[PDB]
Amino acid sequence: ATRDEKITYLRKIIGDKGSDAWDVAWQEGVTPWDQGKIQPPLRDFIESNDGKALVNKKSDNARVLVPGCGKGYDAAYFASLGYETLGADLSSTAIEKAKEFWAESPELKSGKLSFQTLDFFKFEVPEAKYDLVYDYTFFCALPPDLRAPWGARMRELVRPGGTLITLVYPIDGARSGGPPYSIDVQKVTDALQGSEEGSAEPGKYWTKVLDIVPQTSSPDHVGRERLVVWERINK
């Protein structure tokens, strides 16, 4: 009934079942992460001068991926901006619940928004790749040993010149255990920029164009959140 009890249980079943535990949690209603809406820093970025420029330059066929989308609030948001958007989640339960929650969306109706039960690590990347990817409470959901393949998938998923937005949360310092794991921008950087081969200064695969403290974090997010925008390079 308590958040902590619910997190304790989520971590217990992740220990027994691995990644299969996520659909179990959704089936059983153990969804402590669920907020019922997007995080404000996403809307405020999109509505900022950098955000307007990003949306205004989008191609007519521009595609968005929202991985680990849960009930899909962020995917619905991007679809409402005119992006052909895919919300992907491992859990078939989560994906049905996303289709329920957004049942009235005009973009779900048109097919411009789509929710699909997909494993972020396994699904077939479209040939044209994604123009824009948004990661929130997905990187911090993964066990630490999966951060490196997450970065590698991100490098394959975002087209050259495309953009990845990571809302980095929770930044709780040295706290161990997860989900949610305590993350920071450095951890995201190391995953995204990958192997340095011969100890090469990171900057090989992405440019970190913007890294801010959002001025409109949710109250329990204040002091534990950064918004980072990454551009895919090595064209």
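Counting begins at 1, following the sequence as shown.
Coordinates for residue 195 are absent from at least a third of the other compared entries of this protein that model residues on both sides of it. The stretch with the higher mean CA B factor, choosing between 56 to 64 and 194 to 202, is 194 to 202. When the mean C-alpha temperature factors of 133 to 141 and 107 to 115 are read from the deposited coordinates, 107 to 115 comes out higher. The PDB entry assigns its highest CA temperature factor, among 76, 165, 128, 146, to 128. In this structure the maximum Cα B-factor among 70, 36, 177, 40 is found at 177.
Per the deposited record, the Cα B-factor of residue 13 falls in the highest third when ranked against the other modelled residues of its chain. Placement of the Cα temperature factor of residue 213 within the chain: lowest third of the modelled residues, per the deposited record. Residue 30: CA B factor in the highest third of modelled residues in this chain (values from the PDB entry). Ranked by Cα temperature factor within the chain, residue 89 sits in the lowest third according to the deposited record.
In this PDB entry, the Cα temperature factor of residue 227 sits in the bottom third of its chain's modelled residues, the lowest group.
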